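One structure below.
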Amino acid sequence: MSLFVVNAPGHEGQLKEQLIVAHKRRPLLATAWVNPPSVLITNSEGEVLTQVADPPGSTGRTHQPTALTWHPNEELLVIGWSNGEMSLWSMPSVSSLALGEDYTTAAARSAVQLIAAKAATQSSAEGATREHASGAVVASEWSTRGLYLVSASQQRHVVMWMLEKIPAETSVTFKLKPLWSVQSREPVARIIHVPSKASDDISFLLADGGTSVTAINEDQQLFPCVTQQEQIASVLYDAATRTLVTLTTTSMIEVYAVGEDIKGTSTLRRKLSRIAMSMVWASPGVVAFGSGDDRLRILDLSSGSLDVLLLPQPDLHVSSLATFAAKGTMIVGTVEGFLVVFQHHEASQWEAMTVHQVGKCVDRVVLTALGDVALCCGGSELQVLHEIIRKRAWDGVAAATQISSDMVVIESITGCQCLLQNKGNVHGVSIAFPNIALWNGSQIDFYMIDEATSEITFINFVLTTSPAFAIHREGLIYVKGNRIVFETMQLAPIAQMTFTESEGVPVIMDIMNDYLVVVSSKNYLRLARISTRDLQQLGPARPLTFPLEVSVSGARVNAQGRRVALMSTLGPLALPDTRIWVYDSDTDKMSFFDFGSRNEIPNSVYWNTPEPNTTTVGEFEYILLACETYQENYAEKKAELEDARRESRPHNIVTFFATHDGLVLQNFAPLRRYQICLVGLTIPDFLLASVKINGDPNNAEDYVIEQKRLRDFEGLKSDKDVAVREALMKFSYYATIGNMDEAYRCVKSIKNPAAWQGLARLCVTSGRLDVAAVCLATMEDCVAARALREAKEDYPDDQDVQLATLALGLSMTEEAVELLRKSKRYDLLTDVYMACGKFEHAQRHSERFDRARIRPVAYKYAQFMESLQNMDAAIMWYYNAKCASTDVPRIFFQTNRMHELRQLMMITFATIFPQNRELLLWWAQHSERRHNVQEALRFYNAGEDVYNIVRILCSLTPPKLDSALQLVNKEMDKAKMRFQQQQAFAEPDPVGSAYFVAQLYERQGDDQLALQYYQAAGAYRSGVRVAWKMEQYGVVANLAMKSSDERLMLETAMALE
Amino acid sequence: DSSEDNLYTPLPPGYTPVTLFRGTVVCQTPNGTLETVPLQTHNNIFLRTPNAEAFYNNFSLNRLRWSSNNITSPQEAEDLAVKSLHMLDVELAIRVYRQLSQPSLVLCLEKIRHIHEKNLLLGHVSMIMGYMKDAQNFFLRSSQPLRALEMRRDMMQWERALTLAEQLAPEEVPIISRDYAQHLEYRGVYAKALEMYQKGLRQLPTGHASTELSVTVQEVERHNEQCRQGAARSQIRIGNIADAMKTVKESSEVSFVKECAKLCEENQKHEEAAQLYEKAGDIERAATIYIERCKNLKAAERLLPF
Amino acid sequence: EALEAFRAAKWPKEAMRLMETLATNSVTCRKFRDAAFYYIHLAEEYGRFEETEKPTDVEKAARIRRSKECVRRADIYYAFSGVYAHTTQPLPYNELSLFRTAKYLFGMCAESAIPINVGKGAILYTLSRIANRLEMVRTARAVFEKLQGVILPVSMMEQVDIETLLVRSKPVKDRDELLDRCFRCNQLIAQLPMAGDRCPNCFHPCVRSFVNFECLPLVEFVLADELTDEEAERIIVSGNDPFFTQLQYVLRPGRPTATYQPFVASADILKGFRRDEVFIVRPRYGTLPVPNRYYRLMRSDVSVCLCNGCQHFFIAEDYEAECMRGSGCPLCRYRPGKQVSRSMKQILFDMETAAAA
Ligand SMILES: [Zn+2]
Ligand SMILES: [Zn+2]
């Protein structure tokens, strides 16, 4: 998280939209004002250096500065006025003094820059009004090497100016001499330069806002380069690839390739689907533009594909654009007053880094050399915004968090809260309760905190420019020169220590409890112990090795003064780095961890901060490190809806265990949008600064010091016991290092079941089971214990299913379903999906992966509706489970809805039920129960159940033998059809119903017919008993052996005798 | 918001009620006409919309399955679930708990949704709610008393499990002790571990010779070997040296004798330590301990060539 | 038919997965006949390994135990199908067969953990109502006082209260024609069978039929450690009750009656008897080595048969009558004289005919 400190140096005049100029490399900035017309020259951070009034020789008339331009290398400014004159503002160079290299601090360099700019000179170029024909100088442009100047007036004239850098006795002066006098069609809106070689030649382009883009070279002729059918709006040029882009007022863009003679050939032509359109270079070969709408548009010249970069907030309209190619940041300014900063990791590769709300109509956005954002807003308002990190501090009693340019919220865990507004800005904050101190560059102001009356009593200031300072209970430590001085709150000098220039100047100073860490500008680190009288240094300076240029930006020290966490930045532009550095001074070892693998960039890193008069803190609590980084279930959500309403780039609070064997990743925790920042670590409680309920982040009062328990400290809300807490710390440490046996040993002495559920979760994540049985048995959770025991009994060869069962018992659902996806067990996964009240997921999983447990899903839904007593869906879901022969009749009979079933079966329910075969057979059986024989026969015929029809027909009085014989012979013909098909592919299938017919003949003496129909039916046992009748015994053979029934053959062998 | 006053419905004056029917009672006017007076107890009990009063009226009248239709807050769902378990209605309990994010409880309830004996179901419900003594009593009075054992072993209350196993399962007494002994080996307590390992010996099963009998015999043998190993190791831990050394020498496992040989020096019984060091599988460390602690050169003279 | 396809090509892994999934589906959907069929086939296949693998002895014992568990589950589900149909559906039923089924379920439901979707309330209600209808008044009041201690559906308590209050009248005497008889003890089983359906005097589980669950004149025993199965039948063919002394070792006062003591026979006993007097049951768990069980046949007027795919006992006339339903054995759906190739082409031909319409 970052915030833009705002400097708004007012001027008596009115600001101009496009008249802000920023030097590319030197931290300089200048802008024009009118009535009274002047120019304000300021540094990158926004402090005013100088102001320059009307050009020399003016006869009482103030002249409006109409054009400004910076020299690409020299700290030289050129100003074209409105009366035809031209002036050059030049300050004496700092390096001409040939002083020492003691300018290692920004404040000293700013001071020498200011004292150099005080004696600056504004020189007049002779005869400028003659060359511009008494016309206002509309535009100006230096060459790439800064040797040639081009000026354009309002009288349609273009003049070439030669720069002569002559040496003098004390400095180097500059003379501008006119060379040409070139006529233009219209006053030139923009002058661009083309270099001969990609990285002294004459190659310029002039755009006058009309239908002409006139090139010019050393030939002194204004030959056009490219002319289009419409009036041009703007031109955007890439010097490295010599790529020109012409944009018209009608949302038309053309891409040209500039040759040696400044001639363009069209290769990419495109159309875009009051604020004038703006267009800037987002990346080499990638152009970003906006048409005053809510969307950005990004064009890739290499591929020709145009994408739209969306803004989630409606009503926003882009007003101006700028880009910083060094870090890849676009600064979108809006009419409302919203500044959006985009940082690179074609539209999918960009992201919104941050959002800022200045709150005024942004006329123009400019970017200085160091990355500061100058803003012309409100017509006559200049605001320089400098990105600084959120300066937050915590001592052990209260937290002081910076939330704006100057507002600081100081709040304690006891309920005390107060607001601090510094007279100047805020750059550093140090708290050692009740002492508070703020550093704003030039001076450090230290006050007290009156907790009883919520007052802040100002003690005093020290006029020091040290970037490193720290206030303590006994006094304040601040750097002054090459030395550091530790004093009291009443400016009583207690001690001081001095360092040589070869040892550098301290840049980082961090104190906590009674330990101090000092880091210089050349990676020199010193650790010391503060006392009541002296500062006992522990060892000499130690160099550190980092396996462009690495500069350490921050240093934190644990409460032992033994291990140091280090934040470093890359390059002179201070690009944040994705590495955390841990240094063990006692063992003199250097370890690091990379945040690039997690796609995260850190902001701050914090050690554990023990409370005052609390000496029961072990070294495992001291080695813990915390850092902030940034990249069907209807009665379920309402339980956490209170938290969801308490909610009214992602945050990652990540904690490591700093080990002498290396850095081990302990735990990770996402945050929410109302938890703005982490102010420090107070074991076992995170100290996230948060906004209150239904609050606003920009409000100063709307801030509370929120305290959330660690993810490894579940179930410990008393925060009183010490032995349990330290044993849990050791358990977490041994779980992270993988020493699960020592974790078991540590939790064995803990009577809190929270340690046991932590160990059970560790067993889930480590594949341990017999220890997990003890974990479940210690928490008095017999449900999970018996579930694990049955899982072991049912699956003795699979530990994955047992682990999934344990995780499900431990309220770990997502881990369990992922494990069961890994473990192939889709049926158990479907059962779990049903058991969590998600029948839609069960249906999808059944229809996608395992298409064999969809009937259980339907049946379980039917039972769910039956218990819910929504029978309208219960009946249709019992039908969908293909169990309409046992359950839908049951659900009709039990609810006494028999009349509706009778009406349904008499022939949404009537569309499906009457034609179902199983329902018809059930109703036939039910009517046969009611002795309604004829209705049963009718329904059996409608359901095509030959066995039951033959049984009833043969059981009737008189027996309807003819139709029974017809059906029996039809089934015999079907069986013979099957056997003939089998033989053509190369004793048919017996027909059971024929058995009944034989029984009739068995009661009528028709022995031969009874035997024939028994044999056709497959009644070998009855075949024997009917073969015994007259005399035949061979027919007894070939029957028993067909059944492979040993008893039959045995008995026949006995009976043959 | 009360637990001692019964709710009262004010009957209109001059009424003698004669029949309650569907929550409404017919009261006879002094003229003899019958007028229907509705009880406020049965208010809105035929309404299936999210109304709290209807849910409470159904809840009080044990209309639990009907009240499942009308639930307004998750707390009311929790009340319905705990009451449904309280009324021994597991079929409704599963349906309610499917909407309360307890998949383990639902899965374990689906295993007991079919049981109907009130003692056994009462014991299971008591175990689920966390009333172990009542659950044990119900299981003991039910048709499957062995559940009363399984709750103790799963909770590893080995004293109560062994107390129950003395009359329920005579053959389960050793195994239950053995794990206990192993747990005792974690606590530093070895004196009662000796008794637990000694009682852990299982008599040899006898019967018809087959694969099942052979596998049971092998399991009994392995259990006996583990019990004797633990007993000997704990004997060496406490100081019973001579008794444990015979068992150590009888076996052949190298790791077991290696673990047993370490603790003999602390009790100043260096003769058995000397005997075990040479057969521990290493001679260099044995000779180092000889020359540093034992100082018995006669034994080291034999190990000199190696 | 995909399960039959898997079993035709051996492949035990996918056959196991499919059969277990089908059995679980049938249990969850209360297809108790289907569940019994799937479970008995799972027990049959649990000893079908791959030919390239030689299983260990421990795995063999574990799979034997799982096969016996599946056999017990299949028996319980097949018994419970008709009782559940009578309890929850207005369907035609037999009375004496349902009574004996209820007695068997009561006997074998308390032996071990009851399988899923087999309820004690339904079986107790069925037994009570049938005993009241068949005037088994002493049995009716015994099972009613047992039924007092289970849970019944919300539309059953009033009726069961009325039934159990009315049953307290009438003389306390049960009919001697519909009582189970233990041929081992030669005594009628007047009291309800205990856990495992065992005789009060002998603790031996009675050998019922498996269509109407009526008792059979068979006595179970296991051979000693020095006998086989092949030679016994041939010795009996080549050429008063010897077990009575063993009987005197069972019901004699002072003898240990905590657990059932099986009858034991040696080679001396397996001689000098009738050829058909012995029934040899080889439990079909596949290729797993399991010793055979033996049964003495007390009487000859009752015909008993064994399904070649189940080796359960059935009444021969009732087995033949049930085989006409179009499945075969009611528990196994087994049909003799079936070739794997012909039946495997039958499903293809049926698919062709179904695709035509
Ligand atoms: Zn008996
Ligand atoms: Zn069979």
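We name chains A, B, ... following the order of the structure tokens; residues begin at 1 in each chain, and ligands are numbered from 1 as shown.
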*For chain B, list the residues within 8 Å of chain C, counting only C-alpha atoms, and write the list as a ChimeraX atom specification.*
/B:111-119,143-144,208-212,215
Go through chain C and flag each residue having an atom no more than 6 Å from ligand 2; for those, report the closest pair of atoms plus their distance in Å to one decimal, using only C-alpha atoms and all ligand atoms, ordered by chain and rising number, as CSV.
```
residue,atom,partner,partner_atom_place_in_ligand_line,distance
C:307,CA,ligand 2,1 (Zn),4.1
C:309,CA,ligand 2,1 (Zn),4.9
C:310,CA,ligand 2,1 (Zn),3.8
C:329,CA,ligand 2,1 (Zn),4.7
C:331,CA,ligand 2,1 (Zn),5.3
C:332,CA,ligand 2,1 (Zn),4.2
```
Could those selected residues go to a file with N, CA and C atoms, as a CSV table (one decimal), in the first residue's frame?
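The result, stored in part.csv:
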```
chain,number,residue,atom,x,y,z
C,307,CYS,N,-28.7,-74.5,-5.0
C,307,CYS,CA,-28.4,-73.7,-6.2
C,307,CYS,C,-26.9,-73.8,-6.4
C,309,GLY,N,-25.1,-71.8,-7.9
C,309,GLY,CA,-24.4,-70.5,-7.8
C,309,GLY,C,-24.4,-69.9,-6.5
C,310,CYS,N,-25.2,-70.5,-5.5
C,310,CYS,CA,-25.3,-70.0,-4.2
C,310,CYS,C,-25.0,-71.0,-3.1
C,329,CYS,N,-32.7,-69.1,-9.7
C,329,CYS,CA,-32.7,-69.1,-8.2
C,329,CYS,C,-33.1,-67.7,-7.8
C,331,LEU,N,-32.4,-65.9,-5.2
C,331,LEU,CA,-31.3,-65.2,-4.7
C,331,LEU,C,-30.2,-64.9,-5.7
C,332,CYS,N,-29.9,-65.9,-6.5
C,332,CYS,CA,-28.8,-65.8,-7.5
C,332,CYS,C,-29.1,-65.4,-8.9
```
_Please check the contacts: residues of chain A at most 9 Å away from chain C, using only C-alpha atoms, listed as a PyMOL selection string._
chain A and resi 827+852-853+855-856+859-860+881+883+886-887+889-890+893-894+922+925-930+947+978+981-982+985+990-995+1017-1022+1042-1048+1050-1051+1054
Please return, as a PDB file with N, CA and C atoms, in the first residue's frame, all residues of chain A lying within 9 Å of chain B when only C-alpha atoms are considered.
```pdb
ATOM      1  N   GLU A 632     -31.352 -26.870  -0.862  1.00  0.00           N
ATOM      2  CA  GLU A 632     -29.998 -26.789  -1.395  1.00  0.00           C
ATOM      3  C   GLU A 632     -29.241 -25.604  -0.802  1.00  0.00           C
ATOM      4  N   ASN A 633     -28.849 -25.739   0.467  1.00  0.00           N
ATOM      5  CA  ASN A 633     -28.035 -24.748   1.176  1.00  0.00           C
ATOM      6  C   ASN A 633     -28.717 -23.378   1.214  1.00  0.00           C
ATOM      7  N   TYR A 634     -29.862 -23.334   1.891  1.00  0.00           N
ATOM      8  CA  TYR A 634     -30.580 -22.084   2.102  1.00  0.00           C
ATOM      9  C   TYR A 634     -30.362 -21.497   3.489  1.00  0.00           C
ATOM     10  N   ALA A 635     -30.069 -22.333   4.483  1.00  0.00           N
ATOM     11  CA  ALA A 635     -29.832 -21.895   5.858  1.00  0.00           C
ATOM     12  C   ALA A 635     -28.353 -21.930   6.217  1.00  0.00           C
ATOM     13  N   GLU A 636     -27.482 -21.576   5.272  1.00  0.00           N
ATOM     14  CA  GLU A 636     -26.040 -21.637   5.464  1.00  0.00           C
ATOM     15  C   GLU A 636     -25.390 -20.266   5.548  1.00  0.00           C
ATOM     16  N   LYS A 637     -25.636 -19.401   4.560  1.00  0.00           N
ATOM     17  CA  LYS A 637     -24.945 -18.118   4.483  1.00  0.00           C
ATOM     18  C   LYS A 637     -25.356 -17.149   5.583  1.00  0.00           C
ATOM     19  N   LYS A 638     -26.560 -17.296   6.140  1.00  0.00           N
ATOM     20  CA  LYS A 638     -27.054 -16.315   7.100  1.00  0.00           C
ATOM     21  C   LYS A 638     -26.293 -16.352   8.421  1.00  0.00           C
ATOM     22  N   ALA A 639     -25.592 -17.450   8.716  1.00  0.00           N
ATOM     23  CA  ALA A 639     -24.773 -17.500   9.922  1.00  0.00           C
ATOM     24  C   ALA A 639     -23.626 -16.498   9.854  1.00  0.00           C
ATOM     25  N   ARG A 745       5.251 -34.000  20.876  1.00  0.00           N
ATOM     26  CA  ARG A 745       5.815 -33.871  22.217  1.00  0.00           C
ATOM     27  C   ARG A 745       5.419 -32.547  22.862  1.00  0.00           C
ATOM     28  N   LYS A 748       1.692 -32.595  23.756  1.00  0.00           N
ATOM     29  CA  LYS A 748       1.375 -33.566  24.797  1.00  0.00           C
ATOM     30  C   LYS A 748       1.205 -32.901  26.157  1.00  0.00           C
ATOM     31  N   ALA A 773      -5.706 -40.234  15.584  1.00  0.00           N
ATOM     32  CA  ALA A 773      -6.672 -40.889  16.460  1.00  0.00           C
ATOM     33  C   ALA A 773      -6.613 -40.309  17.867  1.00  0.00           C
ATOM     34  N   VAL A 774      -5.402 -40.082  18.380  1.00  0.00           N
ATOM     35  CA  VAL A 774      -5.246 -39.424  19.674  1.00  0.00           C
ATOM     36  C   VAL A 774      -5.771 -37.996  19.608  1.00  0.00           C
ATOM     37  N   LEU A 776      -8.245 -36.814  17.759  1.00  0.00           N
ATOM     38  CA  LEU A 776      -9.702 -36.856  17.833  1.00  0.00           C
ATOM     39  C   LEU A 776     -10.174 -37.269  19.221  1.00  0.00           C
ATOM     40  N   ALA A 777      -9.482 -38.225  19.846  1.00  0.00           N
ATOM     41  CA  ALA A 777      -9.891 -38.709  21.157  1.00  0.00           C
ATOM     42  C   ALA A 777      -9.659 -37.687  22.260  1.00  0.00           C
ATOM     43  N   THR A 778      -8.761 -36.726  22.050  1.00  0.00           N
ATOM     44  CA  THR A 778      -8.495 -35.727  23.080  1.00  0.00           C
ATOM     45  C   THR A 778      -9.515 -34.599  23.073  1.00  0.00           C
ATOM     46  N   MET A 779     -10.145 -34.337  21.932  1.00  0.00           N
ATOM     47  CA  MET A 779     -11.091 -33.235  21.804  1.00  0.00           C
ATOM     48  C   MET A 779     -12.519 -33.637  22.131  1.00  0.00           C
ATOM     49  N   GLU A 780     -12.739 -34.887  22.546  1.00  0.00           N
ATOM     50  CA  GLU A 780     -14.076 -35.425  22.810  1.00  0.00           C
ATOM     51  C   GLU A 780     -14.978 -35.287  21.585  1.00  0.00           C
ATOM     52  N   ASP A 781     -14.487 -35.778  20.451  1.00  0.00           N
ATOM     53  CA  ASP A 781     -15.236 -35.816  19.199  1.00  0.00           C
ATOM     54  C   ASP A 781     -15.273 -37.273  18.751  1.00  0.00           C
ATOM     55  N   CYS A 782     -16.255 -38.019  19.257  1.00  0.00           N
ATOM     56  CA  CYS A 782     -16.367 -39.432  18.925  1.00  0.00           C
ATOM     57  C   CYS A 782     -16.885 -39.664  17.513  1.00  0.00           C
ATOM     58  N   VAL A 783     -17.555 -38.672  16.920  1.00  0.00           N
ATOM     59  CA  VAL A 783     -18.063 -38.819  15.557  1.00  0.00           C
ATOM     60  C   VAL A 783     -16.911 -39.002  14.577  1.00  0.00           C
ATOM     61  N   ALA A 784     -15.930 -38.099  14.629  1.00  0.00           N
ATOM     62  CA  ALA A 784     -14.785 -38.204  13.735  1.00  0.00           C
ATOM     63  C   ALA A 784     -13.933 -39.422  14.058  1.00  0.00           C
ATOM     64  N   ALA A 785     -13.837 -39.792  15.336  1.00  0.00           N
ATOM     65  CA  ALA A 785     -13.058 -40.966  15.716  1.00  0.00           C
ATOM     66  C   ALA A 785     -13.659 -42.238  15.132  1.00  0.00           C
ATOM     67  N   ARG A 786     -14.975 -42.412  15.270  1.00  0.00           N
ATOM     68  CA  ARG A 786     -15.605 -43.600  14.708  1.00  0.00           C
ATOM     69  C   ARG A 786     -15.620 -43.555  13.185  1.00  0.00           C
ATOM     70  N   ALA A 787     -15.707 -42.357  12.594  1.00  0.00           N
ATOM     71  CA  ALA A 787     -15.608 -42.247  11.142  1.00  0.00           C
ATOM     72  C   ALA A 787     -14.240 -42.700  10.650  1.00  0.00           C
ATOM     73  N   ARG A 789     -12.176 -44.729  12.260  1.00  0.00           N
ATOM     74  CA  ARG A 789     -12.050 -46.162  12.510  1.00  0.00           C
ATOM     75  C   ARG A 789     -12.752 -46.975  11.428  1.00  0.00           C
ATOM     76  N   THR A 805     -11.505 -38.489   5.051  1.00  0.00           N
ATOM     77  CA  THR A 805     -12.494 -38.617   6.118  1.00  0.00           C
ATOM     78  C   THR A 805     -12.112 -37.769   7.323  1.00  0.00           C
ATOM     79  N   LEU A 808     -12.659 -34.108   6.466  1.00  0.00           N
ATOM     80  CA  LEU A 808     -14.084 -33.804   6.510  1.00  0.00           C
ATOM     81  C   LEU A 808     -14.569 -33.671   7.947  1.00  0.00           C
ATOM     82  N   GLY A 809     -14.084 -34.542   8.835  1.00  0.00           N
ATOM     83  CA  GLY A 809     -14.414 -34.415  10.243  1.00  0.00           C
ATOM     84  C   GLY A 809     -13.879 -33.140  10.865  1.00  0.00           C
ATOM     85  N   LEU A 810     -12.743 -32.648  10.372  1.00  0.00           N
ATOM     86  CA  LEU A 810     -12.138 -31.421  10.870  1.00  0.00           C
ATOM     87  C   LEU A 810     -12.677 -30.173  10.178  1.00  0.00           C
ATOM     88  N   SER A 811     -13.862 -30.260   9.569  1.00  0.00           N
ATOM     89  CA  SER A 811     -14.496 -29.142   8.863  1.00  0.00           C
ATOM     90  C   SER A 811     -13.595 -28.586   7.761  1.00  0.00           C
ATOM     91  N   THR A 813     -13.628 -29.045   4.027  1.00  0.00           N
ATOM     92  CA  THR A 813     -14.419 -29.617   2.942  1.00  0.00           C
ATOM     93  C   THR A 813     -13.684 -29.552   1.608  1.00  0.00           C
ATOM     94  N   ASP A 831     -21.119 -38.729  -2.493  1.00  0.00           N
ATOM     95  CA  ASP A 831     -21.763 -38.802  -1.184  1.00  0.00           C
ATOM     96  C   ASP A 831     -21.449 -37.571  -0.342  1.00  0.00           C
ATOM     97  N   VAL A 832     -20.203 -37.097  -0.392  1.00  0.00           N
ATOM     98  CA  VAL A 832     -19.831 -35.888   0.338  1.00  0.00           C
ATOM     99  C   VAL A 832     -20.542 -34.668  -0.241  1.00  0.00           C
ATOM    100  N   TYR A 833     -20.639 -34.591  -1.571  1.00  0.00           N
ATOM    101  CA  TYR A 833     -21.333 -33.474  -2.209  1.00  0.00           C
ATOM    102  C   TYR A 833     -22.804 -33.443  -1.819  1.00  0.00           C
ATOM    103  N   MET A 834     -23.435 -34.613  -1.731  1.00  0.00           N
ATOM    104  CA  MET A 834     -24.803 -34.677  -1.231  1.00  0.00           C
ATOM    105  C   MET A 834     -24.875 -34.282   0.239  1.00  0.00           C
ATOM    106  N   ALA A 835     -23.903 -34.726   1.041  1.00  0.00           N
ATOM    107  CA  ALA A 835     -23.954 -34.517   2.484  1.00  0.00           C
ATOM    108  C   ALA A 835     -23.741 -33.063   2.881  1.00  0.00           C
ATOM    109  N   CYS A 836     -23.197 -32.235   1.996  1.00  0.00           N
ATOM    110  CA  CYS A 836     -23.025 -30.818   2.283  1.00  0.00           C
ATOM    111  C   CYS A 836     -24.178 -29.975   1.755  1.00  0.00           C
ATOM    112  N   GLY A 837     -25.279 -30.606   1.354  1.00  0.00           N
ATOM    113  CA  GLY A 837     -26.444 -29.878   0.899  1.00  0.00           C
ATOM    114  C   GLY A 837     -26.334 -29.285  -0.484  1.00  0.00           C
ATOM    115  N   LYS A 838     -25.402 -29.762  -1.301  1.00  0.00           N
ATOM    116  CA  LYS A 838     -25.228 -29.290  -2.672  1.00  0.00           C
ATOM    117  C   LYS A 838     -25.601 -30.438  -3.606  1.00  0.00           C
ATOM    118  N   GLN A 863     -35.991 -38.721  -0.994  1.00  0.00           N
ATOM    119  CA  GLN A 863     -36.090 -38.852   0.458  1.00  0.00           C
ATOM    120  C   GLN A 863     -36.020 -37.492   1.144  1.00  0.00           C
ATOM    121  N   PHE A 864     -35.196 -36.584   0.616  1.00  0.00           N
ATOM    122  CA  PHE A 864     -35.110 -35.232   1.157  1.00  0.00           C
ATOM    123  C   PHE A 864     -36.451 -34.518   1.059  1.00  0.00           C
ATOM    124  N   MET A 865     -37.121 -34.635  -0.086  1.00  0.00           N
ATOM    125  CA  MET A 865     -38.429 -34.005  -0.233  1.00  0.00           C
ATOM    126  C   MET A 865     -39.495 -34.714   0.593  1.00  0.00           C
ATOM    127  N   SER A 867     -38.996 -36.145   3.542  1.00  0.00           N
ATOM    128  CA  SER A 867     -38.821 -35.609   4.888  1.00  0.00           C
ATOM    129  C   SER A 867     -39.259 -34.152   4.966  1.00  0.00           C
ATOM    130  N   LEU A 868     -39.042 -33.384   3.897  1.00  0.00           N
ATOM    131  CA  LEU A 868     -39.540 -32.017   3.820  1.00  0.00           C
ATOM    132  C   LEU A 868     -41.047 -31.959   3.609  1.00  0.00           C
ATOM    133  N   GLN A 869     -41.679 -33.095   3.300  1.00  0.00           N
ATOM    134  CA  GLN A 869     -43.120 -33.197   3.059  1.00  0.00           C
ATOM    135  C   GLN A 869     -43.571 -32.334   1.883  1.00  0.00           C
ATOM    136  N   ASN A 870     -42.690 -32.149   0.899  1.00  0.00           N
ATOM    137  CA  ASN A 870     -43.060 -31.565  -0.389  1.00  0.00           C
ATOM    138  C   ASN A 870     -43.248 -32.717  -1.371  1.00  0.00           C
TER     139      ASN A 870
END
```
*Tell me which protein, DNA and RNA residues are within 8 Å of stretch 276-280 of chain A, counting only C-alpha atoms, leaving out same-chain ones fewer than 2 positions away, and put them as a ChimeraX atom specification.*
/A:236,249,274,282,287-292,319-323
*Pick out the residues no farther than 7 Å from ligand 1, counting only C-alpha atoms and all ligand atoms, and list them as a ChimeraX atom specification.*
/C:182-187,199-204
*asked:* Considering only C-alpha atoms, can you say which of A:65, A:9, A:969, A:854 comes closest to residue A:36?
replied: A:65
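Using only C-alpha atoms, the contacts of residue A:570 at a cut-off of 10 Å, with sequence neighbours closer than 5 positions omitted, comprise residues 548, 549, 550, 551, 552, 553, 575, 576, 577 and 578 of chain A.
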Can I get the selected residues back with C-alpha atoms, as a tab-separated table (two decimals), in the first residue's frame?
```tsv
chain	number	residue	atom	x	y	z
A	548	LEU	CA	20.50	-3.18	-11.08
A	549	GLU	CA	22.00	-1.82	-7.85
A	550	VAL	CA	20.67	-3.19	-4.56
A	551	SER	CA	20.02	-0.55	-1.88
A	552	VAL	CA	18.51	-1.54	1.46
A	553	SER	CA	15.35	0.47	2.16
A	575	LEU	CA	12.09	-0.04	-7.67
A	576	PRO	CA	10.70	-2.32	-4.92
A	577	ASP	CA	12.22	-5.79	-4.80
A	578	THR	CA	10.44	-9.09	-4.14
```
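What separates atom CA of residue A:167 from atom CA of residue A:87 is a distance of 19.1 Å.
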_stretch 36-42 of chain C surroundings by only C-alpha atoms, 9 Å radius, close-in-sequence under 2 positions cut, as a VMD selection string_ = chain C and resid 15 to 16 19 to 20 22 to 24 26 to 27 31 to 34 44 to 46 67 70 to 78 285 309 to 310 330 to 333
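Between atom CA of residue C:217 and atom CA of residue C:282 the separation is 18.9 Å.
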*asked:* Just want the 9 Å neighbourhood of residue A:25, counted on only C-alpha atoms, with same-chain residues fewer than 4 positions away dropped. Output as a ChimeraX atom specification.
replied: /A:72-73,368-370
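Remark: for residue B:61, the closest of the candidate residues B:268, B:40, B:203, B:234 is B:40 (distances computed over only C-alpha atoms).
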*asked:* So that I can check the surroundings of residue C:237, please list as a list in words every protein, DNA and RNA residue that reaches within 12 Å of it, counting only C-alpha atoms and ignoring chain neighbours fewer than 5 positions away.
replied: residues 1050, 1053 and 1054 of chain A; 230, 231, 232, 270, 271, 272, 273, 274, 275, 276, 277 and 278 of chain C
